[PDB]
Every structure is written in structure tokens, then in C-alpha cells.
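The form deposited in one PDB entry is given below as one chain in C-alpha cells.
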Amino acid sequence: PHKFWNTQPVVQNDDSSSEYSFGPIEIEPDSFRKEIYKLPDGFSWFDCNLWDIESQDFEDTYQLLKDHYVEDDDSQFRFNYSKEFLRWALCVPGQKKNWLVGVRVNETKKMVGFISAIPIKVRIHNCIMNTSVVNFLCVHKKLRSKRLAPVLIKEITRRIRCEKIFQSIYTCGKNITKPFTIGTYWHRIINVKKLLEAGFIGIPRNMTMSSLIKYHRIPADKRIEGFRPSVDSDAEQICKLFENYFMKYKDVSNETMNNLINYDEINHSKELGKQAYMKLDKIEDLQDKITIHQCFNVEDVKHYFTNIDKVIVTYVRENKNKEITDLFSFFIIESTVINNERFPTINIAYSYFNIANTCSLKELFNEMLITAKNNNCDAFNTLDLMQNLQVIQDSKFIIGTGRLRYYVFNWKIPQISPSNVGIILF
């Protein structure tokens, strides 16, 4: 039974009612608490200085997450985010310094808690809005099960609402409240023997070692030409590429797409904010379209769809008129292999956003797989979001352990298919 989430504007696991399928759960621009939340005696809030990669805050945050962030259910693996990755994932265009939130023990000066928000722009059906993503929530193992996490959630909620933002998106490896979709990870295994020794994959009973190796082998015999690393001067062309992609796969009419409700212009008023409520005739109306996605301006594109060693890879294809026609991208995270002396870490690539116009999506993903292999990744991960089932189906991808639950704070989204979701979190 919930003692915190029962009190919050989210869809509850037992709730189903309103005649509107989409729109804000509440419109409360004036009534939210603005006084900072108290921590237990001996603890203090701090704004975490990730603006200097050499700072002590950055070292403490890196160590905190290294030893206390997300593990798989069997506690065999734990993410080991690099400082360069954290800098890229959190020091994003428009970021606020007070949205990087730490908890420090006064007596020891040790950082024992972290929570972060980043600003993003999204479309949800017939509305657009500036919103937030909450990520990297983390409490030190010795402080778990003491109801500290709700204090962190309430505090970042306060700091986001002070910027006039009243919704947030987050994902979780667990069922908390009712998720609006569930994402399933799939693996393309690159280094079979290493990942078998690390316990990331098993070998089945009626299969020889050489059969498992051959099963997962990458043929680099079929290649397609013209892909190159993106550079900053590609940002206008990439921006238009994403615009055209989201127009192609939108779940609303051409008329609505050109008259999207801008929630930021009405969220100050209970009366006007009601304009964001929308009924859905039938769920099948959404089939195979995107219902919710991130939106990128040129500054965003320059930040995210770049190339940073061991962090993010983005390649683009050009036509002879130097139009950019295709894009693949993936980010990279190292994970600790807990208590493994032989292979103490593994390197996993994660599909980010991909746009195939002049080749098939399998062909695009094949060039990306080869590129991930060339970036010393041990496996390539893809969710079944967007159109990624076209590459998972009838392929060598194998299912991952765990499920990603997608959540929206203070908005109503009907339960939808992951193919209707274009939100990738770090």
C-alpha cells in the first residue's frame, strides 16, 4: 500500500474513470508549497556542482551512483555512469543549477542522496509543453527504507514548480503507480564469451558453445554506404529531419498538428488550462503512431545528437545534394559486474533516436550495430519503443531481463503501446 504516491497527482494502479483520456490531472499554479522540505537532523541540501568536472561534488556524485545506483534484480550488475556521461546527460540546454540536488551528512561531509531534473520539450497528443524529466534518484544503501526518497521527490517537485512547470516524465525498473506504457529491452550480443562469463547471458542446455557464438555473430558482409559522424554544423538539417519524422508518425490530424495546444500559455489558470482536456474515440485511433515524444530545437540537437567518446554516437547519411536523409544514434554506459574479478565491467550501447528514410530500419540498425561494436561495446540494447519492433522481429535480438515502466506526473495518458512512445531516458 502506498503512503506517498497515494497523495500525488498521478494515475493510481486501481483508478480508471474520467471521460477525458488526455490532459492535466490537476491545474494548481498558485497553491503549491514553496517552502523547502526539512531533512532529518544532521543532513543538508546542496546544489550539486556538476558544472566543473573536476569539482568535489562531481567526484562525490560519481562515487555515490557507482556504489548505490540501479542494479538488476539479481544484483549482478550496477550502472557505473562516467563523469563525462553525467555532464552530457544533465548539463543540458536550459538546465537550472538548482535542479541538481544533493544530500550531504553534516558530520562527515559525505553525499548520501541525489535527485535531478532536466528540462525537455514534449508533444503529448494534441498538446505541447515544456516539462521535466526526473532521473538519477539515489539514496545510500545504509539509508534505505527510511522514507527519505519521498522527501527528495517532493523537493525536486517544488523546484520544478517554481519554474512554472507542473508535469514530469520518469521511468523506473519497478511498478510504482500505474504506468502509461511498459518498455521491454532487447540485446544484440556482440561479445558472447565475455558476457557469458559475466553472467549477462546464459547458454541454453541443448546448444554448443560454437552454436551460441554463431547465433549472435554480426555479419559485416552486408553494408550500406554514406554514413558519417554528425558535426555541429549539421544541427539545422538534423532538426528538420526530426520535425519531418514526428510529422510522419503523429497520432493527431494534420489540422490538429498545426494547432497544437501550448500548455505553457494556459497552465497559469484553472479556467484556461481546461482547454488541454481531450477525449479519444477509441484506442485503435493511435495504432502504430507516436502519441508522446521529445521535441528538439537546433540547440537541443547540437547538444544531444553529437559524438563524445564513450558517451554518445550519432551518424548521418547524406544525399548528393547534401541533404541529411537518415540518422542513427546511441549512448553508452559502463556497468560494474559486481564481485567479478575476471571482467569487472561491461560496456553497453543503448539505442537513442533513429530515422531511416533511404534504407530499411533493419539496415540502419545493422550499420549502428557495427558501429557500436567498433566503439568497444559488449552488447547493443534497444527498447520496443517507436518502430523498433521492425528490427527486433525475426532477428538475433534476445530479450533482456527487466521492464521499464513509463510514468507521467500530473498528466493523463491512456495505457498505450511502447510503439506509441518516443521518450528515451538516460
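All residue numbers are counted from 1 along the displayed sequence. Here, rigid core means the biggest group of C-alpha atoms that superpose within 1.5 Å across both forms.
The discussion below concerns the form deposited in another entry, not included here.
Q. Considering only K214, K274, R228, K109, which residue exhibits a C-alpha shift of no less than 2 Å between this form and the one not shown, with the rigid core used for superposition?
A. The residue that shifts is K214.
Check: Do you see a C-alpha shift of 2 Å or more at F343 between this form and the one not shown, with the core held fixed?
Finding: For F343, whose C-alpha is compared between this form and the one not shown after core superposition, the shift is 2 Å or more.
When you overlay the rigid core, is the Cα of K142 off by 2 Å or more between this form and the one not shown? No.
Core-aligned, is the CA shift for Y20 between this form and the one not shown 2 angstroms or more?
It does shift by 2 Å or more.
_Assuming the CA distance changes by 3 angstroms or more, are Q63 and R342 closer together or farther apart in that other deposited form compared with the shown structure?_
Relative to the shown form, the pair is closer.
Taking the cut-off of 3 Å or more as given, in which direction does the distance between the C-alpha atoms of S18 and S132 change in that other deposited form, closer or farther?
Here the pair is closer than in that other deposited form; there, farther apart.
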